[PDB]
Amino acid sequence: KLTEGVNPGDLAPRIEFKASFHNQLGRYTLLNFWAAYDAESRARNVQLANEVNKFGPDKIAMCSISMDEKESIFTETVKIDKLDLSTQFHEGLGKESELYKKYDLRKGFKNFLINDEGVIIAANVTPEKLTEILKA
Ligand SMILES: [Cl-]
């Protein structure tokens with residue numbers, strides 16, 4: 001019935017490097033990929049993180065993964081952007097990581113709304129659409 005992939009209805013590829021997507025609390029995960037070198041992904045990251053702050057930890061968890069190779073670039077950027085450090089993660093291998101290939105990030109930085117069963121229910125959600133989805 002299910003298949004691993006990056007399309008809605010697929011099982012999101014597991015992130016090893018980490019608290020699971022699956023849970024028994026009905027909690028959803030906003031998985032977001034960005035990098036300081038991609039201006040657009042960086043601005044979407046700030047807007048999404050501030051939207052998630054409108055909801056409780058029980059409803060949604062944000063998992064933002066930076067694909068910048070340098071840890072100092074990730075640290076400085078997250079500090080400048082004033083984002084909740086509990087939701088900001090760093091994949092040090094960047095383009096060379098298995099994650100980058102698994103989420104087809106060569107096609108561009110993307111986000112995924114994953115349900116409590118680890119299934120992608122939405123892709124490239126806007127802050128506005130994320131709120132409309134979480135309130136229904
Ligand atoms: Cl996972």
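Values below: every heavy atom of this structure, side chains too, minus hydrogens, waters and symmetry copies. Each residue takes its place number in the sequence, starting with 1.
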When the ring planes of [X] and [Y] are compared, do they come out parallel, tilted or perpendicular, using 30° and 60° as the limits?
| X | Y | result |
| --- | --- | --- |
| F74 | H90 | parallel |
| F33 | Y103 | tilted |
| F17 | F89 | perpendicular |

Nearest 0.5 angstrom please: [X] [atom1] to [Y] [atom2], how far?
| X | Y | atom1 | atom2 | value |
| --- | --- | --- | --- | --- |
| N111 | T29 | CG | OG1 | 12.5 Å |
| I121 | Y28 | CD1 | OH | 4.5 Å |
| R42 | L83 | CZ | CG | 9.0 Å |
| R27 | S20 | CZ | OG | 7.0 Å |
| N124 | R44 | CG | CZ | 7.0 Å |
| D38 | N45 | CG | CG | 11.0 Å |

TODO: Report the C-alpha separation of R106 and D104 in whole Å, then their side-chain angles, then the decisive distance to 0.1 Å, and conclude whether the side-chain contact (heavy atoms from CB on, under 4.5 Å) test is met.
DONE: CA-CA 5 Å; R106 67 163 218 275; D104 200 11; 2.8 Å; yes

Open item on the list: Between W34 and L48, does the side-chain contact (heavy atoms from CB on, under 4.5 Å) criterion hold? Intermediate values first, please.
Closed with: CA-CA 11 Å; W34 69 287; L48 292 164; over 6 Å; no

Task: Close side-chain approach of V52 and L134, heavy atoms under 4.5 Å - done: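 They are not in side-chain contact.
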
Task: Heavy-atom side-chain proximity of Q47 to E128 below 4.5 angstrom - done: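 They are not in side-chain contact.
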
Non-hydrogen atoms of [X] and [Y] that approach each other most closely:
| X | Y | answer |
| --- | --- | --- |
| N32 | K110 | OD1-O, 3.7 Å |
| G94 | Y100 | O-CB, 3.5 Å |
| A36 | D68 | N-OD2, 2.8 Å |
| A12 | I114 | CB-CD1, 3.6 Å |
| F21 | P13 | CE1-O, 3.8 Å |
| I65 | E91 | CG2-CB, 3.9 Å |

TODO: Look only at the side chain of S97 and the backbone of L93, and say whether a donor-acceptor pair between them is shorter than 3.5 Å.
DONE: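 Between the backbone of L93 and the side chain of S97 there is no qualifying donor-acceptor contact (under 3.5 Å).
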
Task: With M62, the side-chain contact (heavy atoms from CB on, under 4.5 Å) member among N53, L30, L31 - done: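 That would be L30.
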
TODO: Could you check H22 against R14 for side-chain contact (heavy atoms from CB on, under 4.5 Å), going step by step and ending with a plain yes or no?
DONE: CA-CA 10 Å; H22 75 254; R14 298 299 294 260; 3.6 Å; yes

